[PDB]
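*Asks:* Submitted below is the structure of interest, expressed as C-alpha cells.
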Amino acid sequence: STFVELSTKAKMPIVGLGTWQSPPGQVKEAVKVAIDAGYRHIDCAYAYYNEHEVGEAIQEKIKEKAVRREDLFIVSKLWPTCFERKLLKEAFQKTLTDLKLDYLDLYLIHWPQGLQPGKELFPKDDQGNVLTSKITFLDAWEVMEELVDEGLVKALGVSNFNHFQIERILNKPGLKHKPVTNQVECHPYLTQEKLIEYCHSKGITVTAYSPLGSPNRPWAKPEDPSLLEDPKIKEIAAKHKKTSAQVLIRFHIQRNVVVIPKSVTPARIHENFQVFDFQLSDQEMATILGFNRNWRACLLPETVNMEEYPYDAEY
Ligand SMILES: NC(=O)c1ccc[n+]([C@@H]2O[C@H](COP(=O)([O-])OP(=O)(O)OC[C@H]3O[C@@H](n4cnc5c(N)ncnc54)[C@H](OP(=O)(O)O)[C@@H]3O)[C@@H](O)[C@H]2O)c1
C-alpha cells in the first residue's frame with residue numbers, strides 16, 4: 001500500500017520526506033525536488049529551525065499548480081519547552097506562519113518530557129542539567145485538541161512515546177482526540193515489534209524515522225553499525241535491483257509502517273522514493289527483522305534522567 005489509514009479515516013502517505021538537520025539553505029531545494037519526484041508527505045518540526053524554507057518550497061509548488069494543499073500531508077511537532085497553554089498556541093501559530101499554511105494534517109508532541117521555557121531546546125543549569133517543567137503532555141494534549149476542533153489541525157499524534165505514555169492519554173478523562181501516530185526511531189537494529197504491535201492494537205499507526213540508521217547524526221564513533229554497508233542487506237538489495245537504502249525503506253512499508261527518510265541530496269531524495277515497485281519475500285523480511293538488537297542511534301544521554309524518559313520501559 002502507498003498510504004496508511006488513520007483512525008480519522010484520512011490517508012497518510014506511507015513514505016514522507018524527513019527534514020531533521022537539513023540546513024536552512026538546502027531544505028528548500030530538497031522539498032521542491034521531493035515534491036517533483038512524487039513526495040506528498042513532508043515531515044517538519046519547530047526544533048529543526050528550517051520550517052520557513054520548507055514553507056517557501058511548498059508555496060512555490062502550489063503556486064506552480066503541480067500540487068494543491070489537499071494533496072500534501074504536512075507534519076510538524078510541538079517542542080516540550082512550549083507545553084504551556086499560551087506558549088503552545090504561539091508555537092503552533094508560528095509553525096503555521098513559517099510553513100505558510102492554514103492548517104496542519106498532523107501535529108505531534110515532539111517529546112514527552114516537559115521542559116523549561118525559553119529560546120533553548122534543552123535549557124541547562126550551571127552544571128549542565130536540562131531544566132524540566134511541571135507541565136505534562138496531557139496538559140498540552142488538552143489544548144492541542146482545541147486546535148483539532150477548530151480545524152487548524154486534522155489529527156494529533158505523538159513522537160518518542162513508550163506505550164505507557166500512550167496509555168496515559170488513551171485513558172485520560174474527557175479524551176476528545178486519540179493520537180493517530182507514534183513517530184519513533186525504527187530500523188533493522190531496532191525493530192520495535194512490541195510498540196508497533198501495541199499501537200496497531202489501539203488503531204494507532206507508527207511512523208519510522210532514521211530508517212537508514214541515521215549514519216549522519218553528529219558525534220557517532222567510526223566503528224558503529226552501518227545498515228547501508230551490511231552485506232546481507234546489500235545482498236537482498238542487489239537481488240531486487242535496488243539499493244540498501246531502498247530495502248531499509250521498503251522494510252517499513254511491508255510492515256504497514258510510515259517511513260520518513262531524510263536527505264538534502266537530490267539524487268538520494270529521488271532514490272528513497274523508488275520503493276513501490278518491488279516486494280521483499282517473507283524470508284527476506286525475517287532476515288531483516290532478525291537484525292534486531294534494540295539499538296538506538298538517537299538517544300540523548302542528557303535526557304536519561306528526565307521523569308518522562310521513554311526508553312527505560314520495555315516498549
Ligand atoms: N522526533 C524525533 O525525535 C526525530 C529525531 C530524528 C529524526 N526525525 C525525523 O526523521 C527523519 C529521518 O532522518 P535521520 O537523520 O533521522 O536519519 P535517516 O533518514 O536514516 O538518514 C539520514 C542520513 O542518510 C543520508 N541518506 C539519505 N538517503 C540516502 C541514500 N539513499 N543513500 C545513502 N545515504 C542516504 C542523508 O544524507 P544527505 O542528507 O546528505 O543525503 C543523511 O546523512 C528526519 O529528517 C526527521 O524528520 C525525528
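*Asks:* For segment 275-315, how many residues are within 12 Å of the ligand (Cβ to nearest atom) and either surrounded by 16 or more Cβ atoms within 10 Å (Cβ to Cβ) or farther than 30 Å from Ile35 by Cβ (or both)?
*Replies:* The qualifying residues number 8.
*Asks:* Here is a follow-up. Out of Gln165, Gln183, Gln192, report the one residue that is within 15 Å of the ligand (Cβ to nearest atom) and over 28 Å from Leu72 (Cα atoms).
*Replies:* On inspection, the qualifying residue turns out to be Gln165.
*Asks:* Residues that are part of a strand (DSSP E or B), at negative phi and surrounded by 20 or more Cβ atoms within 10 Å (Cβ to Cβ): does segment 229-246 have at least one? Break it down stepwise before answering.
*Replies:* Residues of segment 229-246 part of a strand (DSSP E or B): none.
Within segment 229-246 (the criterion being part of a strand (DSSP E or B), at negative phi and surrounded by 20 or more Cβ atoms within 10 Å (Cβ to Cβ)), the answer is no, since none of the residues qualifies.
*Asks:* Of all the residues that make up segment 34-84, how many are polar (S, T, N, Q) and either within 24 Å of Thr8 (Cα to Cα) or touching a strand residue (DSSP E or B) at 6+ places or on another chain (Cβ under 9 Å) (or both)?
*Replies:* At the first step, the residues of segment 34-84 found to be polar (S, T, N, Q) are 50, 59, 76, 81.
Going one step further and asking which of them are either within 24 Å of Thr8 (Cα to Cα) or touching a strand residue (DSSP E or B) at 6+ places or on another chain (Cβ under 9 Å) (or both), we end up with 76, 81.
Final tally of qualifying residues: 2.
*Asks:* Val275 is checked against (1) in contact with a helix residue (DSSP H, G or I) (Cβ under 8 Å, 6 or more places away or on another chain); (2) of a type outside the set (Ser, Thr, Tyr); (3) in a helix (DSSP H, G or I) and fails just one. What number does that condition carry?
*Replies:* (3)
*Asks:* Quick check on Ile14: is it touching a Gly at 6+ places or on another chain (Cβ under 7 Å), of a type outside the set (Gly, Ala, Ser) and within 15 Å of the ligand (Cβ to nearest atom)?
*Replies:* Answer is no for this residue.
*Asks:* Taking segment 160-200 as the search range and keeping residues that are of a type in the set (D, E, K, R) and outside any helix (DSSP H, G or I), which one is surrounded by the most Cβ atoms within 10 Å (Cβ to Cβ)?
*Replies:* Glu185
*Asks:* Which condition number does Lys61 fail, the rest of (1) of a type outside the set (A, V, I, L, M, F, W, C); (2) more than 30 Å from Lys119 (Cα to Cα); (3) surrounded by fewer than 18 Cβ atoms within 10 Å (Cβ to Cβ); (4) more than 16 Å from the ligand (Cβ to nearest atom) being met?
*Replies:* Checking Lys61 against (1) of a type outside the set (A, V, I, L, M, F, W, C); (2) more than 30 Å from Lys119 (Cα to Cα); (3) surrounded by fewer than 18 Cβ atoms within 10 Å (Cβ to Cβ); (4) more than 16 Å from the ligand (Cβ to nearest atom), the one that fails is (3).
*Asks:* Would you pick out the residues in segment 129-147 that are closer than 22 Å to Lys11 by Cα and either outside any helix (DSSP H, G or I) or in contact with a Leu (Cβ under 6 Å, 6 or more places away or on another chain) (or both)?
*Replies:* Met144
*Asks:* Continuing with this model, one more query. Which is surrounded by fewer than 19 Cβ atoms within 10 Å (Cβ to Cβ) and out of contact with any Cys (no Cβ under 8 Å at 6 or more places or on another chain), of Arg69, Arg40?
*Replies:* Among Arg69, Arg40, only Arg69 is surrounded by fewer than 19 Cβ atoms within 10 Å (Cβ to Cβ) and out of contact with any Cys (no Cβ under 8 Å at 6 or more places or on another chain).
*Asks:* Since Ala45 meets every condition but one in (1) buried (at least 18 other Cβ atoms within 10 Å of the Cβ); (2) over 19 Å from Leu104 (Cβ atoms); (3) near the ligand (Cβ under 10 Å from one of its atoms), which condition does it not meet?
*Replies:* Checking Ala45 against (1) buried (at least 18 other Cβ atoms within 10 Å of the Cβ); (2) over 19 Å from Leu104 (Cβ atoms); (3) near the ligand (Cβ under 10 Å from one of its atoms), the one that fails is (2).
*Asks:* Mind checking whether some residue in segment 232-248 is near the ligand (Cβ under 8 Å from one of its atoms), closer than 15 Å to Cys186 by Cα and free of Cβ contacts under 8 Å to residues at least 24 places away in the same chain?
*Replies:* There is no residue in segment 232-248 that is near the ligand (Cβ under 8 Å from one of its atoms), closer than 15 Å to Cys186 by Cα and free of Cβ contacts under 8 Å to residues at least 24 places away in the same chain.
*Asks:* Okay, next question. Whether any residue in segment 97-109 is in contact (Cβ under 8 Å) with a residue 24 or more places away in the chain, away from the ligand (no atom under 15 Å from the Cβ) and polar (S, T, N, Q) is what I want to check.
*Replies:* There is no residue in segment 97-109 that is in contact (Cβ under 8 Å) with a residue 24 or more places away in the chain, away from the ligand (no atom under 15 Å from the Cβ) and polar (S, T, N, Q).
*Asks:* Same structure again: Scanning segment 257-274 for residues that are over 21 Å from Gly25 (Cα atoms) and within 15 Å of the chain's Cα centre (by Cα), which turns out farthest from the ligand (Cβ to nearest atom)?
*Replies:* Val257
*Asks:* Sticking with this one: Determine, yes or no, whether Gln21 is within 12 Å of the ligand (Cβ to nearest atom) and more than 18 Å from the chain's Cα centre (by Cα). Steps first, answer last, please.
*Replies:* Working: within 12 Å of the ligand (Cβ to nearest atom): yes; more than 18 Å from the chain's Cα centre (by Cα): no.
Answer is no for this residue.
*Asks:* Can you confirm whether segment 106-114 contains a residue that is over 30 Å from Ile58 (Cα atoms), in contact with a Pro (Cβ under 9 Å, 6 or more places away or on another chain) and β-branched (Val, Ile, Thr)?
*Replies:* Looking for residues that are over 30 Å from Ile58 (Cα atoms), in contact with a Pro (Cβ under 9 Å, 6 or more places away or on another chain) and β-branched (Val, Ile, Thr), one finds none in segment 106-114, hence no.
*Asks:* Here is a further query. Being surrounded by fewer than 13 Cβ atoms within 10 Å (Cβ to Cβ) and basic (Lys, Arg), is that true of even one residue in segment 122-130?
*Replies:* Yes, segment 122-130 contains a residue that is surrounded by fewer than 13 Cβ atoms within 10 Å (Cβ to Cβ) and basic (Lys, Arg).
Cβ sites come from the backbone with ideal geometry, for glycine too, and all protein chains shown count toward neighbours. Bear in mind that the values in this text are calculations on the coordinates, not laboratory data.
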